[PDB]
Structure formats: C-alpha cells, structure tokens
Amino acid sequence: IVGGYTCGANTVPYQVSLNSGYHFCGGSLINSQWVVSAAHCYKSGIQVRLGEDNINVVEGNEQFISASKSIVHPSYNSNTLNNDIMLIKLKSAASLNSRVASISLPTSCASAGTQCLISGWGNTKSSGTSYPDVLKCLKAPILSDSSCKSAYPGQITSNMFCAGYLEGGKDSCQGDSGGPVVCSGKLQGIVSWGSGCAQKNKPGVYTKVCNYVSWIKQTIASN
Ligand SMILES: [Ca+2]
C-alpha cells in the first residue's frame with residue numbers, strides 16, 4: 001500500500017497473509033474454513049496466517065493454518081486477469097475471536113464514489129521498493145466505469161472496477177494482491193492489478209466480488 005497508514009494491530013481482523021515460506025499475497029477470511037484471494041496469487045504449498053499484524057514477529061494472536069485445497073475460478077484468464085478470484089480452504093477451522101473474524105460477502109454491488117478500505121503488506125513505494133512488516137491501510141473511492149475504462153482502454157471487463165486517485169500517490173501495490181477491498185462493511189473487491197503503483201492516471205484495478213457470490217456459495221457448499 002502506497003500512501004496509506006498503519007492500520008493498528010488486528011483492526012482488520014479478516015485480513016490474512018498467504019505464506020509459502022514468506023508472505024506473498026493477501027486474502028480475506030469469509031468464514032471459519034475459507035479465504036478469498038486472487039487467482040494470480042495461486043501457489044502450491046500455502047499456509048494461511050490469520051491474526052497477523054507484524055508478519056515478521058510472532059506477537060501472540062496469530063493462527064497459522066495450512067491450506068487443504070485451493071480453487072481458482074473456472075474462467076480465470078491469467079493473461080487479462082478476468083475472473084481473478086480464488087478460494088482457499090483451511091485444513092482446520094479458524095477460531096473466530098476479536099482479532100480473527102470473517103468479512104461478509106456482498107448482496108449488491110458497490111456504488112461509484114464509495115470509499116473502501118484496502119489493506120495489505122505490499123510495497124509502500126511508487127518508485128522503488130520497501131515492504132512493511134506491519135499491516136497498512138488505505139481508504140480509496142470506487143471510480144466510475146467510464147473513468148476506469150479510459151484509464152485502461154480495451155482492458156477492463158465487467159468483472160473489474162477501479163479504485164483510487166487519478167492524481168497518483170495512493171494505491172495498493174505488489175504484495176497486496178489478493179487482499180480485501182471492503183466497502184460498507186462487505187468484501188467488494190480483491191487487489192488484482194494496475195500499471196505500476198500510485199502513478200498518475202493508472203488507478204488500481206480490483207476483482208468485482210459481487211459478480212462471484214453464487215460461485216463462492218455453491219463452491220463452499222460442495223467442498
Ligand atoms: Ca506476527
């Protein structure tokens with residue numbers, strides 16, 4: 001997250017870190033057994049880390065739970081990032097508590113102009129590299145479909161939305177991929193892609209989770 005703030009320990013209790021020997025992507029806990037992330041974050045060998053603040057220090061509220069199964073969307077296209085969504089099942093249910101909590105899935109799609117909370121342990125620099133240890137947060141508005149398409153001509157599908165600031169300076173970034181975009185208390189987006197981070201006229205692009213609620217529900221009913 002570039003241009004964000006330190007969230008505060010465990011104030012985003014649905015945020016997970018996906019670990020394969022190192023943090024590599026975020027995700028969101030949607031119930032005691034299941035995480036939603038980006039399909040482009042697929043790796044074999046995922047451990048889900050819940051209750052994290054500093055990902056490099058064991059502080060006492062963590063739950064580390066291996067994935068048993070990962071399910072990339074059936075129509076994920078890794079070239080365009082259309083349908084950039086994945087489900088990860090935990091080998092055992094998380095113990096839900098004040099610091100490890102699920103986020104609701106949406107009923108309706110979010111509205112342009114809504115300010116959402118985006119969070120992660122990704123790079124904090126637009127030019128260069130610096131990865132934080134503690135979780136960072138950003139409030140960013142959903143942009144109109146016409147603005148998003150103007151920013152990325154011939155690249156935005158109905159399963160994507162843009163959020164952020166066209167003047168640059170505030171965005172998600174590498175290592176935030178897969179993490180949450182929460183709008184009116186529901187998971188509306190997944191950190192998916194963008195050209196660079198926090199560059200002028202190149203806002204973040206996010207998987208539009210409201211398009212996937214029936215897939216998510218039937219998949220969790222069946223696995
Ligand atoms: Ca930790």
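We're numbering straight along the sequence, starting at 1. Counting convention: from 1, in listed order, for ligands and their atoms alike.
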Colleague: Mind checking side-chain contact (heavy atoms from CB on, under 4.5 Å) for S192 and listing every partner two or more places apart, or none if nothing turns up?
Modeller: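 With sequence neighbours excluded, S192 shows a side-chain contact (heavy atoms from CB on, under 4.5 Å) to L81, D84, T207, given in chain and number order.
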Colleague: Pull up every protein N/O/S atom sitting under 3.0 Å from the Ca ion (ligand 1), skipping waters.
Modeller: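 Metal shell, protein only: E52 OE1, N54 O, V57 O, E62 OE2.
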Colleague: Identify every side-chain donor-acceptor pair in residues 131-142 under 3.5 Å, counting partners at least two apart or on other chains, and give the distances.
Modeller:
residue : atom : partner : partner atom : Å
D133    : OD1  : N56     : ND2          : 2.8
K136    : NZ   : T6      : OG1          : 2.8

Colleague: Sorted by first residue and then second, give each side chain to side chain donor-acceptor pair (under 3.5 Å) pair with at least one member in residues 100-110; sequence neighbours left out.
Modeller: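 Not a single pair qualifies under side chain to side chain donor-acceptor pair (under 3.5 Å).
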Colleague: For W193 and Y206, I'd like to know if the aromatic rings sit close, meaning centre-to-centre distance below 6.0 Å.
Modeller: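 Distance test on ring centres: not under 6.0 Å, no.
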Colleague: Answer yes or no on whether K170 is positioned over the face of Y165, meaning its NZ or CZ is under 6.0 Å from the six-membered ring centre and within 45° of the axis.
Modeller: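 Yes, cation above the ring, under 6.0 Å and within 45°.
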Colleague: Count I, L, V, M, F, W, Y as connected when their side-chain heavy atoms are under 4.5 Å apart, and connections chain through other members. Are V35 and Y76 then in the same cluster?
Modeller: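 Yes; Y76 is reachable from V35 via cluster members.
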